[PDB]
Amino acid sequence: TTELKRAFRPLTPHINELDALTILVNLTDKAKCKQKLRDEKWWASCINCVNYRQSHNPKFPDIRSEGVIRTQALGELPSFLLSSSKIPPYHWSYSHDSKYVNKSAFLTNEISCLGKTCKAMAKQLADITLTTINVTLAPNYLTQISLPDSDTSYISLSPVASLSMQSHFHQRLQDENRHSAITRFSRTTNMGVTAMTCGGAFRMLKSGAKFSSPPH
DNA sequence: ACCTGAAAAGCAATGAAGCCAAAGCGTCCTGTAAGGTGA
């Protein structure tokens, strides 16, 4: 049951319609039998996990930060540059508490996502609230950069790590012991689900060989 | 008192480069510190 767990979790590529959703019930465990048990407190708390489903994780270096992001990479940019627009945007994850990292596997495992069944749907559709920025800058832990716009007057920028770029880089760099440079983090369930699967190690992109300067 | 060190042609062919055997076992790879949300 470990290969079924990794296949729905956002650091493996994606994937006869009854075996799946009766496994998706059973990924809140920490089968068809407990798939029948319907707690009204299990249905109303599972809606909280899509409410903190996040596009770009603000908690990525510092797990103390505080904010929710469900937005898309804005605009378009030329060929020699590379951002989270040019890669197809569907690997998203859960950026909230470690209490609900397994209870978020019922409605945020996502090719698209699952975001008295009708009663649940009416509340979810109204508050689904996609394309959401909820950050307050004062009592949290965010980076901040002044950069000039036009002739005068700077703009403050808070870079936030996109999740669809992380799981993209983590998958392609498996076979490369030379262009990959692993950073490990701790208290990883407070980070999010997209950091649980890799175990905390994130497999960055190193600049290949060493540096050697020829005469100029 | 100083100034000079020459040109012209050549640098050979024939044959071979052996094997045979092996590459040891016993035993281990340390522990302590550093949590964000919710009732």
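Rules used throughout
- Residues numbered from 1 in each chain as written, not as in the entry; some residues may be left out.
- Chains lettered and ligands numbered in written order.
- Part of a larger assembly, values for the part shown.
- Heavy atoms only, no water.
- Helix = DSSP H or I, 4+ residues; strand = E, 2+ residues; numbered from the N terminus.
- Buried < 20%, exposed > 50% of the residue type's maximum accessible area, 1.4 Å probe, protein only.
- Areas by Shrake-Rupley, 256 points an atom, 1.4 Å probe, with all protein chains shown as cover.
- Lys, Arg positive; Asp, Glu negative; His and termini not counted.
- Charge placed at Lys NZ, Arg CZ, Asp CG, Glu CD.
- Near = heavy atom within 4 Å.
- Polar contact = N/O pair within 3.5 Å; in protein donor to acceptor, adjacent residues only side chain to side chain.
- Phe/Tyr/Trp six-rings, centres within 6.5 Å; stacked < 30°, edge-to-face > 60°.
- Contact = heavy atoms within 4.5 Å.
- Salt bridge = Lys/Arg side-chain N within 4 Å of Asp/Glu carboxyl O.

- Method of structure determination, per the deposited record: cryo-EM was used for this entry, reaching 3.2 Å resolution.

Quick notes on the overall build of chain A
Line of reasoning, step 1. The number of helices and strands found in chain A is six helices and ten strands.
Line of reasoning, step 2. Reported as C-alpha extents along the three principal axes, the dimensions of chain A are approximately 75 × 45 × 35 Å.
Line of reasoning, step 3. A buried classification covers 32% of the 216 residues belonging to chain A.
Line of reasoning, step 4. For chain A, the accessible surface area stands at approximately 15,200 Å², while carbon and sulfur atoms represent 56% of it.
Line of reasoning, step 5. Within chain A, the 16 negative side-chain charges are centred at a point lying 8 Å from the centre of the 26 positive side-chain charges.

A short note on the protein's contact with DNA strand B
Line of reasoning, step 1. In the vicinity of DNA strand B, the contacting residues are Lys59, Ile63, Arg64, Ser65, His96, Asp97, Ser98, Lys99, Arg187, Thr189 and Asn190.
Line of reasoning, step 2. Backbone atoms, meaning sugar and phosphate, form 62% of the atoms of DNA strand B found within 4 Å of the protein.
Line of reasoning, step 3. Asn190 is positioned with one of its side-chain polar atoms (N or O) 3.0 Å from a base nitrogen of DNA strand B.

Things to note about the packing of aromatic side chains
Each aromatic ring pair is specified by the distance between its two centres and by the angle formed by the two planes.
Line of reasoning, step 1. Evaluation of the coordinates by the stated rule reveals six aromatic pairs.
Line of reasoning, step 2. Aromatic side chains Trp42 and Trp43 sit 5.8 Å apart centroid to centroid with 75° between the ring planes, which places their arrangement in the edge-to-face category.
Line of reasoning, step 3. Note on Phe185 and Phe202: the rings are 5.6 Å apart at their centroids and 75° apart in plane angle, and the pair reads as edge-to-face. Placement of the pair is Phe185 in the loop between strand 9 (180-181) and helix 6 (193-196) and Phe202 in the loop between helix 6 and strand 10 (204-205), with a sequence separation of 17 residues.

Observations concerning unusual backbone geometry
Line of reasoning, step 1. One non-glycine residue with positive phi stands out, namely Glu110, at about 35°.
Line of reasoning, step 2. Topologically, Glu110 is positioned in the loop between strand 4 (93-94) and helix 4 (117-127).
Line of reasoning, step 3. Its relative accessible area of 15% is what places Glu110 among the buried residues.

As for the side chain of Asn57
Line of reasoning, step 1. By secondary structure assignment, the location of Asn57 is in strand 2 (residues 56-57).
Line of reasoning, step 2. Note on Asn57: relative accessible area 2%, which makes it buried.
Line of reasoning, step 3. Only 2.4 Å separates the side chain of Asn57 from the side chain of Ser95, close enough to count as a polar contact.
Line of reasoning, step 4. Setting aside residues up to four positions removed in sequence, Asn57 forms contacts with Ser95, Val160, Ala161, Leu163 and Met191.

Concerning the environment of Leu130
Line of reasoning, step 1. Note that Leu130 resides in the loop between helix 4 and strand 5 (133-135).
Line of reasoning, step 2. Along the primary structure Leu130 and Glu176 are separated by 46 residues, whereas in three dimensions their C-alpha atoms are 36 Å apart.

Here's the deal with the pattern of salt bridges
Line of reasoning, step 1. Counting across every chain of the model gives two salt bridges.
Line of reasoning, step 2. Residue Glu176 is joined to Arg172 by a salt bridge in which the shortest nitrogen-to-oxygen separation is 2.6 Å.
Line of reasoning, step 3. According to the relative accessible area criterion, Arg172 is exposed, its value standing at 59%.

Observations regarding helix 5 (residues 163-172)
Line of reasoning, step 1. For helix 5, the set of buried residues is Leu163, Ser164, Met165, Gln166, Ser167 and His170.
Line of reasoning, step 2. Along its buried surface, helix 5 packs onto strand 1 (53-54), strand 2, strand 4, strand 8 (161-162) and helix 6.

Details of the environment of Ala195
Line of reasoning, step 1. In this structure, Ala195 sits in helix 6.
Line of reasoning, step 2. It is 34 Å that separates the C-alpha atoms of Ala195 and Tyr154, two residues lying 41 residues apart in sequence.
Line of reasoning, step 3. In this structure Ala195 touches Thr188, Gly200 and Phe202, once residues within four positions along its chain are discounted.

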